[PDB]
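>>> Below you'll find the sequence and an experimental structure to go with it.
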Amino acid sequence: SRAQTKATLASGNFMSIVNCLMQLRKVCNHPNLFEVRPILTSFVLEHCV
Amino acid sequence: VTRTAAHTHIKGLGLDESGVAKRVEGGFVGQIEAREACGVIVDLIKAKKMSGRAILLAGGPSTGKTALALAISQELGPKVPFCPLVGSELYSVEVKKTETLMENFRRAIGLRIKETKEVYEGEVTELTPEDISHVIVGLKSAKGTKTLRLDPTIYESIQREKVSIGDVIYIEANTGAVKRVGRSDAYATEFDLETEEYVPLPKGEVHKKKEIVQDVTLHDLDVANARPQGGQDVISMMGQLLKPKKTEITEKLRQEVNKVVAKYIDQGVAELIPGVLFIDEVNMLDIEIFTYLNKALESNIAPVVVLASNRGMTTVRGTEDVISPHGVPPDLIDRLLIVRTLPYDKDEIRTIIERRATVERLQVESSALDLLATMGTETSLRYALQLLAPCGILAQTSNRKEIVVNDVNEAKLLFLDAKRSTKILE
Amino acid sequence: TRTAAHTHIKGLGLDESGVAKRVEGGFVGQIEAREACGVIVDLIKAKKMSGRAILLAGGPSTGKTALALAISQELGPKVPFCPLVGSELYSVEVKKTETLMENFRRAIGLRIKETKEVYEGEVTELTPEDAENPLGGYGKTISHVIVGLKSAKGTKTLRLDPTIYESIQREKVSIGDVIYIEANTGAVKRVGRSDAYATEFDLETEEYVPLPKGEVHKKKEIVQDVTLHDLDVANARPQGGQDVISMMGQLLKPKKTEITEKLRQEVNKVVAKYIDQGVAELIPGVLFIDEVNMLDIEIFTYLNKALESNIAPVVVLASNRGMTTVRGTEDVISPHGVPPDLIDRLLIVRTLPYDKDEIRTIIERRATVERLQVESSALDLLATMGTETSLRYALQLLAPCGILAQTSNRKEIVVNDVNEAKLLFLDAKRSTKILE
Amino acid sequence: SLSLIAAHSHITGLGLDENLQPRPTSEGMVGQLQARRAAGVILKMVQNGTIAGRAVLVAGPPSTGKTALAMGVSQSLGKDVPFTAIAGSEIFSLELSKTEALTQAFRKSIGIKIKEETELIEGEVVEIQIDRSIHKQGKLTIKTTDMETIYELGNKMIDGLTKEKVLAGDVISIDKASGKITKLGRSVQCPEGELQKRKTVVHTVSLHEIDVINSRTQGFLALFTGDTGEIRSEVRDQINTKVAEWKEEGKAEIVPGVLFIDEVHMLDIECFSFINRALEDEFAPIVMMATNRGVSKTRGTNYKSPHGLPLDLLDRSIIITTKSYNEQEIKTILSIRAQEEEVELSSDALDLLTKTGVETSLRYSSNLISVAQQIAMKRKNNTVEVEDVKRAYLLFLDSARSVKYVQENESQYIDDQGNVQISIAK
Amino acid sequence: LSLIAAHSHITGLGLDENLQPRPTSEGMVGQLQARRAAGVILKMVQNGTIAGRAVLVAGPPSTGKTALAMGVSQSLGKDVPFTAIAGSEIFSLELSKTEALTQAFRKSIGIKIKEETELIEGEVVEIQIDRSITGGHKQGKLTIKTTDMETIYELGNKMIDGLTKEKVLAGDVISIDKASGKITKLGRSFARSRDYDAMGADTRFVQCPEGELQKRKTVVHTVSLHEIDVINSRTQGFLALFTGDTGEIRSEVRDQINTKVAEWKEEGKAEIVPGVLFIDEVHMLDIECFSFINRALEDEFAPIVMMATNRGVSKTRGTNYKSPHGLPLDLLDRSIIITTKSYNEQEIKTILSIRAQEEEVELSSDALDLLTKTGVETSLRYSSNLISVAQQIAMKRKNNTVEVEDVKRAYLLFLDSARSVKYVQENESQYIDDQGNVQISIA
Ligand SMILES: Nc1ncnc2c1ncn2[C@@H]1O[C@H](COP(=O)(O)OP(=O)(O)O)[C@@H](O)[C@H]1O
Ligand SMILES: Nc1ncnc2c1ncn2[C@@H]1O[C@H](COP(=O)(O)OP(=O)(O)O)[C@@H](O)[C@H]1O
Ligand SMILES: Nc1ncnc2c1ncn2[C@@H]1O[C@H](COP(=O)(O)OP(=O)(O)O)[C@@H](O)[C@H]1O
Ligand SMILES: Nc1ncnc2c1ncn2[C@@H]1O[C@H](COP(=O)(O)OP(=O)(O)O)[C@@H](O)[C@H]1O
Ligand SMILES: [Mg+2]
Ligand SMILES: [Mg+2]
Ligand SMILES: [Mg+2]
Ligand SMILES: [Mg+2]
């Protein structure tokens, strides 16, 4: 979805596409490579009312 | 593989860009005018401009009110909050009906915020107390090492978490939570037989910072500002086990929460996502609930509540002499827009049965499907709908895949309708 | 100042012989009712009888609440007076019987006096001493402490118990702090820092307080009025204790609970003992129950039983309806909505309606107390309006007339202002007609 | 206070002149000349404050602006003065007695202003020396627009600044009396004068708030949570006598306000009995009451009543009656509503909407405006044309047409006896 | 722990491979159409695909509908939740009726999570524990043997603490769990060297374990959805799992739990095993309950609900009009009704023989005929109750068989409904009437 990715694809810089492919493969192989699953926790309000 | 329910086949309204509805799209058959009205309402909701708008889906039983509601929920998407209800849910025992209604109102209004999470994660190397006194703890990560000074609450958490030196720990700065993720891998051979769980040394730097987006509702903020909800301190335990039941949130707390949300929007850190509140069996609501619902509709911050009703010229619950079009007093009726939903003819019933069979992965012979459709026309559509699963079970018992007429006749002879049971009683 | 409905009522307006003047104390008319109220006020001031009950019976807008508040004013601020309305008895935390018992006891005041000796001043010295022999005590073996206090009239060196020293340590008192020691209990309070040392540091968070006036050791006799219900609450929900359990209980809401008869019995015993010694005196007050018609049958029966107690205020009741079925009962038509057995225990004080002249005088007084000037012709128009629809309508219509007159920058209300006010605000009969 | 668009957002005032004569269309309010005049008289009475315990009833047909009038009164009264608008269905609670709730409602509308003079230093910041015992030696310097000078701290100030861990080059506010320290961002902003200023802060509270504050150990939480409980009457008596003493002293002023019960037809006879007495006492606010039903049986009673209220209360109240709007007033109110909702209607569309609102209801056309705007948006049109209004009429129904549809097909709906004809055949 | 109850004689539905009900098997008698419908519903439940169907069991009293439900539950077996509740349980004081119904529905959805655990299992050769006096350091090592291998392990602090708590002794056979850390003493290997106490309390020797000393085993965790809801509702909810008083759990928790369970199922982490909820005397339920039931069936995580009712046309509670089965037509249109017929004489006679077999009561042929005739005349339940009383009378007579005279005596001593009604009608003056009048004196 990321527009910059689309732009990169449009560029046709063979290196850039190779890198994109590498990132895709990384994402498929195990998500931790692309982004560690964030450890979910409550939202914190700055100060009570 | 998958489970099937009453509305598993309902995927959307199937309306084009211009707003006109095709005869068969999104799993719906007929009811074009109501679908067009619902699309207009969807546009009204998506505008995120008006508040407190209410409409009434008026029609007979088995006509497509809940189907329309769930289709609206699907079409809007998972981002927006759509809350279905029966009026029976409002009749709580812990708090008054007004409190439940107002809570459901603010629960249907969504808030999306951006928050930065500060994360520390390390294996432990020193434990020194600043002397209830601050503690000094050393931490290392694959990229390096760091020593931290933690507040006494964090010290109590670490003490009560049975952290040793050489343990790997996770500290979330926003909440002050300490979690023991396990024992470092470097000590795997320290013993032969112990209850330790060994985890590898965390990768990267000790301190990490990431920006997440989390979705909250106004009710979630109200609960957060009302009672303690988490924490690893005994103080938190006592604070949250005290006053356990729900309380009547005051108008002042709601006003302050609204002011805070306005400040967040003005700062740009938050965005508002108005949603929908659906109430079914609205006739169950007493006159008091309708009377207060009159007030909530005039409120400046309210979702687009939709009402479904299926009773005509029935008396209003609680009252004894108020004859109303749908059990709704005239005061609330003027606040509503009535969307009429019409019964189904034979062809649409047949098409619906065909699509239901296709969705539940059943194979029906044309003559058997015609018989099922004509018997649904004779008695009721839902009767034909619930008979499909017993028919499929019967077909399997005959080592046969496709449904034949014999299975339908046997199913009719085995299971009876309400009218047949009433005749049997007589 | 705000002008309530019964602000103009300043007193009962009676003579020394009991005769009531035609117009005194804000009252107009009601001669017999005022005389009966005077007799009742004398009975209350006598302070001898318990459980006597009277009923102020009359129609709406006759002066039942006016008479009740006049009685309260005449009795003075030294006599208890608990106003009430019938609907407040229906609690959701405890039975209505318990709430009636609680309110019923509130109107029995007790005046208890206690002499207290306090040491107060600014600390000049604090020299803790140990025992003359190490074998004398245990552990720290801390003996008396010597404290020097300064007041406007001089200084005094005190010798204190080690417990008082422990209290000093708890209160975190340093040299120069103004302190306050009660010899009655041994309680030490830290008032603050002396104003003499206000400018010792140019930025510091300290509550600087002046040097105490008078002597360092001043003995004062303290007199307070406490209700029996206050003692009951103190026993039921004591504020003592500094434990975590105590704090957790403190955070809890103070829900009313059914205080047992045993606690009242013990309170009565201790109060009798202290009154016997002469230290304290009992003051039976007055309990006012407005709109007695709204009470349930159970509340009426408990009122029947309450009047048989040894300690009981004079309950005064107001009812504005006749021959009305009692709430909570299907068939019992009763004289004033009060069960016949309770009526047999009551004394009915009949109040009579007013004529045009009384209405005219009342309107005059109400306009006077409202800081409004009214023309004689407009006042006659208002009196005719009140006798045509209701007096209370005119008495409330005085204010819009005054506002309209002010908007025209006129010192007094004119007949045209009264007509315009009539046009703006309708009455019950006119509203019913216009709705038909 | 950021919020979406409601049905009353346009009302910015009551539209009175100096002579209390209302103009035809000002501050959002159209027509209702006598009703607005009476509302203005009430407003001036409230502002004067010399009259207490007056009840005003708003009367006449439903949907005739009784709530709109009360809102106009609230807005014209402005801030710094209490105005409590509570529905009659909020009185009945399972945790608070009805009498206790009514008492709290009356007291919430009486405000008390108490002035507190605090000594606070506001300054831009310069370097701070804290030293160990030689109990503690420390110096701080503060810069303002025309001074830069050193303060020498004491024990507690040093402790507070260590707890706050104030940095340099930023902005800090310290109170001399309270000792609270408020952090501020870096110097956009700058100190504007003397280092130590003497400015009073005014606190607006109600009698109920004072009662709750003194009610418990930490009772101020109950002002938000709502679990106050039935407060002892002696506590209220103490609050009353102390407030009287303060007013005599001149250290606090009272701001009487307005209490609004929007749906008086839901309180029972006990509530009316208490209300009768609550008005008489001092510190009683002015109560605004609105009712739409002509003659009905009062809740808690078995007999009818001239307005749904007992005659004892009717004797104590002054009634303001509202005429139904005419076609011109309807037209201009619809014009204001369309302008508020950012909808560009055509002249013929405006006339059609006017006639539609006159025929059925003003609220119905008001809700149809947004539906028409969304319908036009599907056609990518800016101006709303006649065909959009006709389609909005056709797709969304009013009360009468829905009643006709139900009446002609009462067999397919559930009746009062619980009978329905589900079968499409026969 | 069980006793002979009213449905203790039925062990299933007793159906063939083609869902054809056997004339009598697994305890159930006759009722062939209803048992076939129950078998179809059974196959639907075991399939696990159809969600939220409602089925109503209708017909006269004593016509086995509750027996039909018990047979359905027995056919379901273990590992499939079955929650049998009555209409009287719903009307509570601490929970809203819809809250109580929600808790009931969520009790009917089961989640099974399978886990693999590594288990050590051994005979103890020797154990050593060196703990310092006035010091916290403790050192220990364990020797543990199997029939084919022996190994030594050096013990950590927590393992030492656990083994010390368990008081392991070398003549024990014990398993060690490396994850949980709990020590269970399986048995004894030999005697305690004949110390002068605990002389012969270890006679029950156990065989040495065989195989790999550290072996992997699987553990299955069966938990209902309602338990998960209570666990995640609040911090004190785990105590509420046993104490009750869960409160009115917030709906947002339920929505988040539904989403999380859906993700768990799609991920293969957890297996969802929906079951059957049975409601008795549903007519007791309020119209507010039936309104909630209409929507509740539509949910995708809903079980299959079966409802027993017999009152026929009657005034629905909360309304002033009679409804076809005591239920509103809103629920009646969406529910499939299975009916039950009165029993023939032979069905009753075989039911009586089955009950006597279950109660271990030997009835003579003539006694069996007399009991059957009595049951046909008045009621099946009356004869069922008479069986045990006749057995007790026979035991009092010191006879090993129940004869006709015992049944006659039981009939004479204990009455039926009709006989009591007749005796009341004849002697109305001796009982308190609805107008509160009765004659206590005899003169
Ligand atoms: N127009 C339709 N097309 C396809 N399926 C339908 C349609 N109307 C109803 N159904 C199916 O039959 C059921 C009954 O519809 P429902 O919305 O419950 O009727 P109502 O809410 O008016 O009682 C739905 O749950 C859905 O599964
Ligand atoms: N004797 C009197 N003299 C002067 N004013 C009176 C007298 N009696 C009543 N009033 C005035 O008229 C009002 C009517 O009396 P009140 O007690 O309010 O009637 P109700 O019987 O309805 O309680 C009083 O509030 C008071 O302001
Ligand atoms: N005089 C008026 N000028 C402008 N808008 C009005 C006027 N009177 C009523 N309205 C609007 O019409 C609608 C109905 O008024 P409302 O106060 O709710 O009626 P009621 O109180 O009689 O039920 C509201 O949207 C209100 O803002
Ligand atoms: N078809 C049957 N086969 C075996 N036992 C039956 C059958 N029908 C009823 N019973 C037994 O008879 C008794 C009464 O049946 P029950 O289920 O209580 O009827 P109902 O459900 O109408 O109250 C029970 O002990 C039941 O097990
Ligand atoms: Mg429906
Ligand atoms: Mg009165
Ligand atoms: Mg209104
Ligand atoms: Mg049964």
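Structure received. Numbering: from 1, shown residues only, chains lettered A, B, ... in the order given. Ligands and ions are numbered 1, 2, ... in the order given.
>>> Enumerate every residue touching residue B:287.
Residues in contact with residue B:287 (CB atoms under 8 Å, 6 or more residues apart in numbering or on different chains) are B:316, B:317, B:318, B:319, B:322, B:329, D:266. Where C-beta positions appear, they are placed from N, C-alpha and C, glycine not excepted.
>>> what does chain B have sitting close to chain C?
Residues of chain B that fall close to chain C, judged by CB under 8 Å from any CB of the partner chain: B:238, B:242.
>>> Check chain B for its longest strand and report it.
strand B:109-129 (DSSP state E).
>>> right, and the helix or strand after that strand?
strand B:135-141 (DSSP states H and E).
>>> What residues sit buried inside the helix or strand following that next one?
Using DSSP H and E, the helix or strand that follows strand B:135-141 towards the C-terminus is strand B:144-150. If you call a residue buried by 16 or more other CB atoms under 10 Å in any protein chain shown, then strand B:144-150 has these buried ones: residue B:150.
>>> Equivalent analysis for stretch B:170-181, please.
Applying 16+ other CB under 10 Å to stretch B:170-181 flags B:171, B:172, B:176, B:177, B:178, B:179, B:180 as buried.
>>> elements contacting the longest strand of chain B?
strand B:135-141, strand B:144-150, strand B:167-172, strand B:207-217, helix B:218-226, helix B:251-267, strand B:270-274 (3 or more CB pairs under 8 Å, 6 or more residues apart in numbering or on different chains; DSSP states H and E).
>>> closest to residue B:292 out of these?
helix B:251-267 (13.0 Å; CB to CB).
>>> ok so, going back, turn the helices and strands packed on strand B:109-129 into CSV, columns for distance to residue D:232.
Putting these into CSV (distance: least, CB to CB, whole Å) gives the following:
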stretch, distance to residue D:232
strand B:135-141, 46
strand B:144-150, 44
strand B:167-172, 44
strand B:207-217, 37
helix B:218-226, 25
helix B:251-267, 22
strand B:270-274, 42
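>>> ok, the residue in the stretch 151-300 of chain B positioned nearest to ligand 2 - how many residues close by?
Nearest residue of the stretch 151-300 of chain B to ligand 2: residue B:291, at 29.3 Å (CB to the nearest ligand atom). For residue B:291, the neighbour count with other CB atoms under 10 Å in any protein chain shown is 23.
>>> That one: what's it in contact with?
B:329, B:331, D:87, D:88, D:89, D:263, D:265, D:266.
>>> The same query, at a cut-off of 6 Å, please.
D:89, D:263, D:266 (CB atoms under 6 Å, 6 or more residues apart in numbering or on different chains).
>>> Check residue D:286 too.
D:46, D:54, D:258.
>>> OK, now which residue of chain A is nearest to ligand 4?
Counting by CB to the nearest ligand atom, chain A gets nearest ligand 4 through residue A:40, at 49.5 Å.
>>> So which residues on chain B come close to ligand 5?
Contact residues (CB under 5 Å from the ion) of chain B with ligand 5: B:65, B:66.
>>> Could you check how far whatever residue of chain B ends up closest to chain A is from residue D:223?
Nearest residue of chain B to chain A: residue B:256, at 3.6 Å (CB to the nearest CB). From residue B:256 across to residue D:223, the span is 10 Å (CB to CB, to the nearest Å).
>>> Same check on residue B:371?
68 Å.
>>> ditto for residue B:316
36 Å.
>>> again, but for residue B:41
Distance from residue B:41 to residue D:223, by CB to CB: 39 Å.
>>> More neighbours: those two, which one.
residue B:41 (24 against 19).
>>> and the residue of the stretch 251-400 of chain B nearest ligand 1?
Taking CB to the nearest ligand atom, the stretch 251-400 of chain B has residue B:352 as its residue nearest ligand 1, at 4.4 Å.
>>> Let me know whether the strand or helix carrying that residue sits next to chain D.
Using DSSP H and E, residue B:352 maps to helix B:346-359. No - Helix B:346-359 stays clear of chain D (CB under 6 Å from any CB of the partner chain), getting no nearer than 7.5 Å.
>>> Name the helix or strand for the residue nearest to residue D:320 when sequence neighbours are not counted, please.
Spatial nearest neighbour of residue D:320, chain neighbours left out: residue D:38 (4.5 Å); criterion: CB to CB, 6 or more residues apart in numbering or on different chains. Using DSSP H and E, residue D:38 sits in helix D:33-48.
>>> Could you check which residue of chain B lies nearest chain E?
residue B:194 (2.6 Å).
>>> right, I mislabeled it, should have said chain A
Closest residue of chain A to chain E, CB to the nearest CB: residue A:40 (11.0 Å).
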